[PDB]
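**Q** Sequence, then structure. It's an experimental one.
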Amino acid sequence: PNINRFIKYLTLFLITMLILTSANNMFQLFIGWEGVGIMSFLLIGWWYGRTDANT
Amino acid sequence: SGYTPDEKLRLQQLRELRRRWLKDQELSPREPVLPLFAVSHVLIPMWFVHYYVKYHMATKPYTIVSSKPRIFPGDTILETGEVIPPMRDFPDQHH
Amino acid sequence: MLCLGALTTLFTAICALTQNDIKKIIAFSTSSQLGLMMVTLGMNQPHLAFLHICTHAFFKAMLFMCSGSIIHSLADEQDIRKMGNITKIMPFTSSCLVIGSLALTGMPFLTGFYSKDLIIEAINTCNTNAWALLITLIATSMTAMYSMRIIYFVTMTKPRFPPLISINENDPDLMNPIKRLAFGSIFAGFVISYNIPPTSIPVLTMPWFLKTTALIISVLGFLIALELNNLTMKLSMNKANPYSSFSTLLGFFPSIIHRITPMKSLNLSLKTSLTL
Amino acid sequence: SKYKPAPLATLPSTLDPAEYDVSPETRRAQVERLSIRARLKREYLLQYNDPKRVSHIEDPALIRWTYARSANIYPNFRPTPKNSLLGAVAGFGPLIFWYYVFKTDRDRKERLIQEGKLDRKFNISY
Amino acid sequence: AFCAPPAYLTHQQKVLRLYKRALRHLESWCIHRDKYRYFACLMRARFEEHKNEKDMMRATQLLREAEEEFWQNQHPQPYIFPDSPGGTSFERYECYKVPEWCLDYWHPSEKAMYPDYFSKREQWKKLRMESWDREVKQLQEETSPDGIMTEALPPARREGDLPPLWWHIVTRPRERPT
Amino acid sequence: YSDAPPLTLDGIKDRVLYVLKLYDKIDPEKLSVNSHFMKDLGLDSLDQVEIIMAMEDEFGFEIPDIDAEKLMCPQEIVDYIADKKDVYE
Amino acid sequence: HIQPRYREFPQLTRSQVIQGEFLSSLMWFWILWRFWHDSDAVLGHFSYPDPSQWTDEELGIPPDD
Amino acid sequence: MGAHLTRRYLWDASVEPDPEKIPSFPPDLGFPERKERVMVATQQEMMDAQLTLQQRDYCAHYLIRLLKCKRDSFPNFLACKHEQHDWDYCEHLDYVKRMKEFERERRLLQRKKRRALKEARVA
Amino acid sequence: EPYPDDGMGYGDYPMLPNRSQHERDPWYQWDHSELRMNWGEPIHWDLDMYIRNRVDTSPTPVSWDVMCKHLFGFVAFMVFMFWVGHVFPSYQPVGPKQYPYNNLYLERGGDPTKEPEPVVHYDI
Amino acid sequence: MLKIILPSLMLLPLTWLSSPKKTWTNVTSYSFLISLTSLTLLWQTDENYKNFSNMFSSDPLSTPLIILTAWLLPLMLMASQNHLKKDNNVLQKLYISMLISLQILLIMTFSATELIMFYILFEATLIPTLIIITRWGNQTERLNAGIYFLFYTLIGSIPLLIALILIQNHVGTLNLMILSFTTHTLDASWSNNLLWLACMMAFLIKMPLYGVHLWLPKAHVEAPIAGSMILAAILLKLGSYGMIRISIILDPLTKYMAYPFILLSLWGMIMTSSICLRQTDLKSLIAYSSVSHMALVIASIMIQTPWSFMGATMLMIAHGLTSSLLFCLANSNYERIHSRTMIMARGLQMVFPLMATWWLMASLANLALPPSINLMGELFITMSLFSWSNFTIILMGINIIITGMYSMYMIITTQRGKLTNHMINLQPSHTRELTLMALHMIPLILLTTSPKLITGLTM
Amino acid sequence: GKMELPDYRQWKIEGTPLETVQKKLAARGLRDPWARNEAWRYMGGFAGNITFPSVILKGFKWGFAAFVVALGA
Ligand SMILES: CCCCCCCCCCCCCCCCCC(=O)OC[C@H](COP(=O)(O)OCCN)OC(=O)CCCCCCCCCCCCCCCCC
């Protein structure tokens, strides 16, 4: 029922991933390093209802 | 075992009601009553970026720096006009 | 990191051999390949490590979406145990799966081959831990084994999926991308290797068994595994070795370090730091 | 190999001797306990399935839990040994450990800076 | 999930529920089918014999050594179905199973569309309040003399009465909301 | 599309009937919904376990133990499967 | 409209088979084409010297004594 | 992997070289006026071709050629093939050297063991 | 069975079996579905740790000791073998690589003014 | 700075004189504009601090706060329109005025040149706060909580009173400007070693240190939402502002008299962070989150390196906004749920889709996600702490791992999982609830774009 | 469209690997009752044995045919 949100997070993941790729100062590298971590959290547990996905 | 004769009726009846609930869940016709472009987002974004990169970045100091171009032996330098000396001859032809 | 990359390569690969979940096996392979990537960084060969990252992306992406196709086409069955003979029922994904499988096993002249054997022979030629050198090579044979495990169980076997069959992969949205990546998986190693800047000054001079070691170990890895897959079909009980379960439950790092740490880290807060 | 329950990885239901018991007394409890649960179950199930209700089903078993855990603690505190020895090792133990971890480092650093060895190069910040 | 848990388990249900775990944990070892179907009719044999043991003591001594044979000869990754507890899709679609008492706070605009839907929903809510009295009374008039009490609830037993405590077994959020 | 067509009861009904018609012990020409397993067709306490298991593998889901110690009639299986899968026909 | 099949081999669409043979056949054309044009998978193209055939003059092994 | 290791690790290492110190003996030993290596490229040529320090080998000169024919001939990445063979050869012809040097050091160490015993005349 | 009277606060709170909600029958219709706890049943003192998304105490096909020993054995053997390795490394029969100039003294960023002791490399 | 203050006072006449029905909008609308006048202080086009007049000054450290103090009064009055909408029309106008006086007093305290002006106004803020907590507190225990909040601050306060009168005699004026440009160097006696403790202890108490922080968990638990916002966002930071301006004097002793607190705070940071990990009351967990993230601050206002100080200034403003956001959304769950328990109310995103987005962003602010001022702050305190002793990363390294765990657990067990079966049905979200949040985060997004404004005095 | 189902009779154990399992089970005296259900696995379409070279070599025939032609031109 929520295809659009799923596609939205996938591109946000790509934006953080590419920022992580092309980052001169490491503060930006950190923005990418933490950034993919949080959206992975949002996307691994896409189906929040399932506790297994939450774990 | 086998269902108890009084549980094969509480499942008899409640299943009958679940079937009606799911029928009622069905939407009637009309139920939902409501009351190249490619260039668009590739070209329009581009003009802006260029405006930004050729008139802010380029203008400001050390904003777009590049590794020196590669110059090999025997290839000319356009800006100064010099011709890179050809290298010492490779003596061996052994493959 | 040469050392830990090496341990993860085999540790993850051995775990993958007995895992019965298709997505899980591919994921362990993701870790095992990166273990090889960690090994090259550990042997101070940065440029080739990056080359594997790019080639790794094309084929691993393929195999996952290949299983995405199998899982979605079947009634959401994510277990190799109930999935069989996809080769005749769904040739399009099976073709994509074996293309990806061979790339994962470093088939000669495919994208894995251009970058992967450079890394293998790099190991065979550098000064390195003997334990690391031996594990990385058998890790390569295991990559062939679990690769063999997936196609034998998932593709070449009598079907074992639920009786009603409703399989469709015709949707352009399935084929097209799978088709496009397949083209990348077939030609990318050719294109990337020639185009990149000369780097690392590789050592192409080797005794022939080291020059061809990656090729042979990959070949017998499948050979030995095929013997194994074949063995099962018999009406004789093999089950598995005592260390097999050790392998199947992920080396027991999950069973033990996930129940003790979260238990002795929370008990101390509630019982000791918070209330006491 | 016999399965060996540990405080974790406990003895499964099967493999548990108690499960294999029909002593009429045991069965007595096992049928008495369902009653408590059935009773409680038929006190949740016709109060949650009650039309005409807006109030919050309370689940007092959870209210007895929080009170027991944050407001029934200090009224049941009696200072014994194994409680004050262990109630001082926890508050002052590490707090004294790290002091000799940080003092020794800070002192090592200071000495080295004083004698002129610490490089402090390209460090223009702090 | 539907029927209520019995208090104690019999001998039978313990034996007959091993025949399931066992045979189902034999189909993880026997990945193929012909091997399985073979190695399994051999399993029944094991249960088939020692079927008529009348010596309870013995029977509960074959059972207790069966479930230890099994515990040590089980597969670590059993084949557990996709949608069952412990599975791969367990509770996946629960993020879409809203509890149906939430369509009661919808804005009169939202419920404006979807018109006939709420015309039938208001009928069912009339059914629910129209019987709570006859139901609870039934639940009570039929409270068997105080004693053993199980979670089993009574059927209807009279026309027009709706088999009780039914509003949440019927009106359950649909399994696959999709 | 990818997801198969939803089960219609009169189908699920035939599917459960069918599988039994392939169990050798259960006569293929008598299996009649409402023909209890242990009282009419003659199966034993241990067969039922299997008959259910076949169904769990024909329809791809697990009939829990407690709810499956009672799939006696060859029909209870047809409404229980459907009720668990939300088929209102 | 693919029709779900019960206990039968799912019918396959023209395209499913052709695309599948296509991707696989190109894989094999590429492996064969490169093998012919560039067979340095085996031997590289530089032969290992036998380190044990180097005349003692070659390495500076003085005449013992 | 190899036998050479077995010699050093198994058996005795007395006569097996230590990789950390390959030119362990006198460089001139064994050679009157041995000629030193020679580099075609120029300390600058390399610096202008931005060759990675590591790639600045005695084959740096054939590399610069490859790189030349790779920038030129840009759209065609499959045509600077002769240049790569050459570089590689140069390097194979260097790996061999590095192997000849290792074998020479091996043998020379043996000379020591032989001579010691020979020179270790009983009396 | 009241928690032991050692005055750490437990009070009268029942000492319920230390088993995680993980092995509570996963099919039964638990009033509170996700805590797998019914309405009224005494909650466990540490139900903030036994919750499903946290620690588990669910019987394991392999005995716990057997697990701890095996895992760490593997770890140790590996670590050790890696040590056997560092002791006996694998290195081809190749002498050291030879860089031009003075091991690229100046280019490795060496001081231009101070020339280095020439490091020369000879043929063969 | 009497526009940020006089117009504020006039709010009180407006809350009283205005119609019962229109009292809320006149007050909230006007203080939004009062915040707009507050923004003028940010115009510093030169380093010289802006000494408005003899008693009133604003330097980089105070200015970022005065604006926050003015900003929250609007928000506080918007978060308490629900509860406090069941009152008698004269209990409201008292609550609104109480909230108004807090920022009048707090604006002045943060904008005060004379340190004892700080003390009188500093300790006055307790009167308005204690009334907000005790009079309108829902739980039976607020009488107790109020006592704890008054005594811990008061026993600390009288030592500071003696100390500041003491320095006035020793130096001759408590004017922060002069005290700075004058030679006040303590002499490491045993007595001075006490003076230092006298001045810092009162500030260290309201900035919960590990030893004396029990007042804050108890106070925020039963305090109404407006009181909990004020305590976390502005009240606790009063202690930090005091430590920055008071340690200008007592310059030599803190080099060696700080170790005790620094270690108390860093170990405290770990234990306070950890008990958040298993605390059933959500307001309880946010409060201990507040203790730990404030324990970092007392460990940067004591190391005293330029970066620490502005790490502190960054984190204090940032954590202030984040904490309120967390306390504000906790209240929205509390009012529909009617219980503070974290375990109940599971699955809300399924029923309150957006509040969950606000919950997610608040948690990411709570943990250190990088394009946020919250992370810049911790990254800086972390750096200096490392400089003090490389080992500090271990303890400031166990806190980061724990902080990630409790921040996400609040999201995982409150805003995900299966929905609670049938608690009193949860009415949809009001637009006020959502704005009260949006008003907290939109400024957090805007400040993160240009961190320079909240960097402190040091940089 | 009220999907039909293949005649139950169609399935038979002979001609499939189940038959050999059936015969050895018969040697023990067991009857292998549910073997008929597991027949469509081996019954038809999916009846042919799949060999590992066949999958690895799928399309090799044309692939080489394509290679030869290209090599010619
Ligand atoms: C959890 C992750 C832990 C990661 C640990 C990483 C450790 C890296 C190595 C640290 C220890 C060696 C440092 C070596 C520096 C150079 C040598 C030196 O002189 O040390 C500096 C200084 C003096 O140390 P030392 O030489 O041992 O002299 C002691 C004299 N009595 O050092 C000192 O000031 C004295 C103390 C040195 C040893 C300190 C050990 C710290 C232990 C931290 C435990 C972390 C867990 C605590 C519990 C958390 C859960 C509750």
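**A** Sure thing, it's come through. Numbering: from 1, shown residues only, chains lettered A, B, ... in the order given.
**Q** Tally up the residues packed near the closest residue to chain E within chain I, please.
**A** Residue nearest to chain E within chain I (CB to the nearest CB): residue I:26, separated by 3.2 Å. All C-beta atoms are positioned from the backbone trio N, CA, C, and that covers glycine. Residue I:26: 17 surrounding residues under other CB atoms under 10 Å in any protein chain shown.
**Q** Could I get the full set of helices for chain H?
**A** H:3-9, H:43-48, H:60-71, H:82-119 (DSSP state H).
**Q** how much space is there between residue J:305 and residue G:39?
**A** For residue J:305, the distance to residue G:39 equals 65 Å [CB to CB, to the nearest Å].
**Q** quick one, which of the two is more surrounded?
**A** Taking neighbours as other CB under 10 Å, residue J:305 and residue G:39 compare with residue J:305 leading, 19 against 12.
**Q** Check the contact between the residue of chain I closest to chain E and residue E:80; I expect there is one.
**A** No - taking contacts as CB atoms under 8 Å, residue I:26 lies outside contact range of residue E:80: 10.5 Å.
**Q** Give the residues shared as contacts by the two.
**A** residue E:86 (CB atoms under 8 Å, 6 or more residues apart in numbering or on different chains).
**Q** close to chain D, is the biggest helix by length in chain J?
**A** Ranked by number of residues, the top helix in chain J under DSSP H is helix J:306-337. Yes - against chain D, helix J:306-337 shows contacts by CB under 8 Å from any CB of the partner chain at J:306-307, J:337.
**Q** Likewise for stretch J:402-414?
**A** No - contact between stretch J:402-414 and chain D is absent, the nearest approach being 13.8 Å (criterion: CB under 8 Å from any CB).
**Q** Now do that stretch: distance to the chain's middle.
**A** Its chain's C-alpha centre lies 21 Å from the corresponding centre of stretch J:402-414 when counted by CA atoms, centre = their mean, to the nearest Å.
**Q** where do the helices sit along the chain?
**A** All of this refers to chain A. For chain A, the helices defined by DSSP H occupy A:3-21, A:26-44, A:51-54.
**Q** um, chain D though
**A** With DSSP H as the criterion, chain D has helices at D:24-44, D:60-70, D:93-97, D:99-115.
**Q** for chain G, same thing?
**A** All helices of chain G, identified by DSSP H, fall at G:14-37, G:56-59.
**Q** Kindly report the same for chain F.
**A** Secondary structure of chain F, counting by DSSP H: helices at F:9-20, F:47-58, F:65-68, F:76-84.
**Q** and of the ones you listed, who's closest to residue H:26?
**A** Proximity to residue H:26 (CB to CB) singles out helix F:47-58 among these, at 80.6 Å.
**Q** Quick one: list the elements packing against that closest one.
**A** Counting contacts by 3 or more CB pairs under 8 Å, 6 or more residues apart in numbering or on different chains; DSSP states H and E, helix F:47-58 packs against helix E:18-24, helix F:9-20, helix F:76-84.
**Q** counting contacts, what elements does whichever helix or strand comes after the shortest one pack onto?
**A** Next along the chain after helix E:18-24, taking DSSP states H and E as the criterion, comes helix E:34-48. With contacts defined as 3+ CB pairs under 8 Å, 6+ apart, helix E:34-48 has these neighbours: helix E:18-24, helix K:17-28.
**Q** near chain I, which residues of chain E show up?
**A** Within reach of chain I by CB under 8 Å from any CB, chain E has these residues: E:1-2, E:5, E:71, E:74, E:76, E:85-86.
**Q** Please identify which of the residues you listed is nearest to chain J.
**A** For those, the nearest to chain J is residue E:85 (13.2 Å; CB to the nearest CB).
**Q** Residue in chain G with the shortest distance to chain H?
**A** Here chain G gets closest to chain H at one residue, residue G:60, 2.4 Å apart by CB to the nearest CB.
**Q** Distance-wise, check that residue relative to chain B.
**A** Using CB to the nearest CB, to the nearest Å, residue G:60 is found at 23 Å from chain B.
**Q** can the helices of chain F go into TSV with extra columns for mean neighbour count?
**A** Shown next, in TSV, are the helices of chain F (neighbours: other CB atoms under 10 Å in any protein chain shown):
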stretch	mean neighbour count
helix F:9-20	20
helix F:47-58	21
helix F:65-68	20
helix F:76-84	22
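**Q** about what we covered before: between the helices of chain G, which gets nearest to chain I?
**A** The closest of the helices of chain G to chain I is helix G:56-59. By CB to the nearest CB, the value is 6.6 Å.
**Q** Would you mark the buried spots in the closest one?
**A** residue G:59 (16 or more other CB atoms under 10 Å in any protein chain shown).
**Q** which residues are in contact with it?
**A** For helix G:56-59, the external contacting residues (CB under 8 Å, 6+ apart) are H:30, H:100, H:103-104, H:107-108, I:124.
**Q** Just list the residues touching the residue of chain G closest to chain H, thanks.
**A** Counting by CB under 8 Å, 6+ apart, residue G:60 touches H:29-31, H:34, H:104, H:108, I:124.
**Q** Can you get me a residue count around the residue nearest to it when sequence neighbours are not counted?
**A** Distances taken as CB to CB, 6 or more residues apart in numbering or on different chains put residue H:30 closest to residue G:60, at 2.4 Å, once the chain neighbours are dropped. When neighbours are defined as other CB under 10 Å, residue H:30 has 21 of them.
**Q** surely residue H:30 meets residue G:63?
**A** No - using CB under 8 Å, residue H:30 makes no contact with residue G:63, being 9.7 Å away.
**Q** picking that back up, please report how far the residue nearest to residue G:60 lies from chain D.
**A** Taking CB to the nearest CB, one finds residue H:30 at 46 Å from chain D.
**Q** Next, that residue: phi, psi?
**A** Main-chain dihedrals, residue H:30, degrees, to the nearest 10: phi 90, psi -10.
**Q** Can you get me a residue count around residue 35?
**A** No chain was given, so I picked chain A. So residue A:35, with other CB under 10 Å, has 22 neighbours.
**Q** look at chain K instead
**A** Neighbours of residue K:35 (other CB under 10 Å): 24.
**Q** now do the one 10 residues further on
**A** Residue K:45 has 17 neighbours, counted by other CB under 10 Å.
**Q** That one touches residue G:8, doesn't it?
**A** Yes - counting by CB under 8 Å, residue K:45 does reach residue G:8; the two are 6.5 Å apart.
**Q** ok now do residue E:45, which residues does it touch?
**A** With CB under 8 Å, 6+ apart, residue E:45 has these contacts: K:28, K:30.
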